[PDB]
Amino acid sequence: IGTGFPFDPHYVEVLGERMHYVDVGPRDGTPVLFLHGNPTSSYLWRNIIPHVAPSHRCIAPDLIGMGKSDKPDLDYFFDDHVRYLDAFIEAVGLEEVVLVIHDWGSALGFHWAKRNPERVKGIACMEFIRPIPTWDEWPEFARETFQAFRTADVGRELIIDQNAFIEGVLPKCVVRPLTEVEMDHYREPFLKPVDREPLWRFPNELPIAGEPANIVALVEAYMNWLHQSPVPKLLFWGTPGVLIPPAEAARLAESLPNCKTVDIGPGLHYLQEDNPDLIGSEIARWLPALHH
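Numbered per the entry's author numbering, the sequence shown spans residues 4 to 295.
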């Protein structure tokens, strides 16, 4: 699995801040917009993009506060991410798109799709955010951890002061062992502890056990939309998975319209790090029939 990031930087100024993005591929078709989550960046898509770039433009932003994007002193609520990503999409001039989304990038992608359904020609997703109605429905191995993250004292200690999301959660949620070179790519945006705010706010925004109520309602709304939308969907899943275990992937194959599921083999949360070549090749193969 490749460890390099051979993509030239592109920047756009949005809402007073610079956002970095990958932009490769032809300009005369429907671009594929790749949205990472917590605590990652466009680096997560590095081995997937090369499968798609031959046929389609690939745009992969670093969310505000993350990657090579600027790091204003925000609360980094989901709503902040929504504002910045909405502005990003317009600034690069995207009209119709295909989404490829994961984790908080999936909450952003599904929320944008619900609001702009005519502009979304397909959605490839994996390990995506839907409501977790009770703590029992959160994976047991991660329950204590995320309960502690969702506090103003211990959670800030662990995530901001000690870098637990980068040094702990990230490698624990890839089956194969991340190398030190890969870890240094993930560490780079967050070398200064104070810049770790988004990494703490994100788990505090997850729609778990009814809290926070605004996120639960928003995520329920996009999931209602997704369940009724005829848009083509491609869902990757792994064993044992984290947010989307095998039996839940199978349920989604039945309960989402026009959905194809792809078993990637071993995987936890960051499926892109366990089997990028199958994820990329399957996205590439699935794109042509979306055109018409």
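Even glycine gets a Cβ: it sits at the ideal position worked out from N, Cα and C.
**alpha helix (DSSP H) runs contained entirely in the region 63–138, provided each spans 4 or more residues** = 81–94 and 106–118
**Prompt:** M129 and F37: beta carbons closer than 7 Å?
**Reply:** no
**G7 to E99 span [Cα, whole Å]** = 30 Å
**Cross-strand partners of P269 (DSSP beta bridge)** = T242
**Message:** Here's a check: name, in chain order, each residue in its chain whose Cβ is nearer than 7 Å to the Cβ of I162, leaving out the five neighbours to either side.
**Reply:** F152, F168, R199, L202 and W203
**Contained beta strand (DSSP E) runs [length at least 3] in the region 30–55, N- to C-terminal order** = 35–38
**Request:** Alpha carbon to alpha carbon, how far is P243 from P142? Give it in angstroms, no decimals.
**Result:** 10 Å
**Message:** Taking the beta carbon of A252 as the centre, do at least 16 other beta carbons fall within 10 Å, making it buried, or is it exposed?
**Reply:** buried
**Item:** Beta-carbon spacing of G68, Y79 below 7 Å
**Value:** yes
**Prompt:** When DSSP labels each residue in this structure, what does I211 get in the three-state scheme?
**Reply:** strand
**Asked** Under a three-way DSSP split, which group does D26 fall into?
**Response** strand
**Item:** Pairwise C-alpha distance: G19 and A224
**Value:** 30 Å
**Request:** Please classify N50: is it buried, with 16 or more other beta-carbons within 10 angstroms of its beta-carbon, or exposed?
**Result:** buried
**Item:** Between the CA atoms of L102 and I286 - distance to the nearest angstrom
**Value:** 10 Å
**Prompt:** By how many angstroms is the C-alpha of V25 removed from the C-alpha of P12?
**Reply:** 6 Å
**Prompt:** From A90 to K236, what distance separates their C-alpha atoms?
**Reply:** 25 Å
**Request:** Please name the residue or residues paired with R21 in a DSSP beta bridge.
**Result:** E16
**Message:** In whole angstroms, give me the CA-to-CA distance for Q231 and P260.
**Reply:** 7 Å
**Prompt:** For the alpha helix (DSSP H) that contains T148, what are its first and last residues?
**Reply:** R146 to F152
**Request:** Tell me, to the nearest whole angstrom, how far the beta carbon of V222 is from that of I132; I am working on the premise that it is less than 8 Å.
**Result:** 6 Å
**Asked** If you follow the alpha helix (DSSP H) that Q231 is part of, which residue opens it and which one closes it?
**Response** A216 to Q231
**Request:** Apply the 10 Å Cβ neighbour rule to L271 and answer buried if 16 or more other Cβ atoms are within range, or exposed otherwise.
**Result:** buried
**Request:** For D76, count neighbouring Cβ atoms within 10 angstroms of its own Cβ and tell me buried if that reaches 16, exposed if not.
**Result:** exposed
**Request:** Please name the residue, chosen from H295, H39, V219 and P180, that lies closest to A127 on a Cα-to-Cα basis.
**Result:** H39
**Message:** Suppose the cutoff is 8 Å on Cβ atoms and the five residues either side in sequence are ignored; what does the same chain contact list for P34 look like?
**Reply:** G28, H59, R60, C61, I62, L97, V100 and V101
**Request:** Given a cut-off of 7 Å, decide if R21 and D65 are closer than it, judged by their beta-carbon atoms.
**Result:** no
**Message:** Let me confirm a value: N227 is counted as buried when at least 16 other C-beta atoms fall within 10 Å, else exposed. Which label applies?
**Reply:** exposed
**Asked** For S258, is the classification buried or exposed, using 16 other Cβ atoms within 10 angstroms of its Cβ as the cut-off for buried?
**Response** exposed
**Message:** Which same chain residues end up closer than 7 Å to residue 1 when comparing Cβ atoms and leaving out the 5 residues on each side of it in sequence?
**Reply:** As shown, the chain starts at 4 and ends at 295. That puts residue 1 outside it, with no answer to give.
**Item:** Pick from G125, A212 and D156 that is closest to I135, judged by C-alpha positions
**Value:** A212
**Prompt:** Anyone know if the C-beta pair for residue 3 and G283 falls short of 7 Å?
**Reply:** Any answer about residue 3 is impossible in this case: the structure gives the chain only from 4 up to 295.
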